[PDB]
């Protein structure tokens, strides 16, 4: 029903004009896929869906060195909750080369995360509610994505 486009530069957040809720979709598009970049500190790149109060509803962290993708949630002044890990970063991106897209489906009780065309995990939510903002963090030298990542939300779907 509705589409919104956001240009997110590395290390910045953006507020959504249309929050994402159950039944909605969000896709992060990177024109690059630097899977052979230097080590993160410790994260090479992070993608995040935030609640109205700034809590990390979904934190996606890519670490080339540890060679794993971490998924977690946490309140603004709170600790990371239960960590979910998916091993082999490059493997999750296989299929589409040179660029990448991370799509998150809000399924109410879980977040379905698809890297390129592969569903990497069905994340059981640890914090619920609507997604009010987004962020993409990484340094200028070791991000696995382009300096700018386009985020596109599809809302009013349910």
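Residue numbers count along the first chain shown, from 1.
- Comparing the deposited coordinates for 108-116 and 87-95, the stretch with the larger average C-alpha B-factor is 87-95.
- Higher mean CA temperature factor between 44-52 and 120-128: 120-128, per the PDB entry.
- Sort the modelled residues of the chain by CA B factor and residue 39 lands in the highest third.
- Sort the chain's modelled residues by C-alpha temperature factor and residue 3 lands in the middle third, per the entry.
- When the CA B factors of the chain's modelled residues are split into thirds, the value for residue 12 lands in the middle one.
- Ranked against the other modelled residues of its chain, the C-alpha B-factor of residue 57 as given in the entry falls in the lowest third.
- In the PDB entry, a CA B factor belonging to the middle third of its chain's modelled residues is recorded for residue 147.
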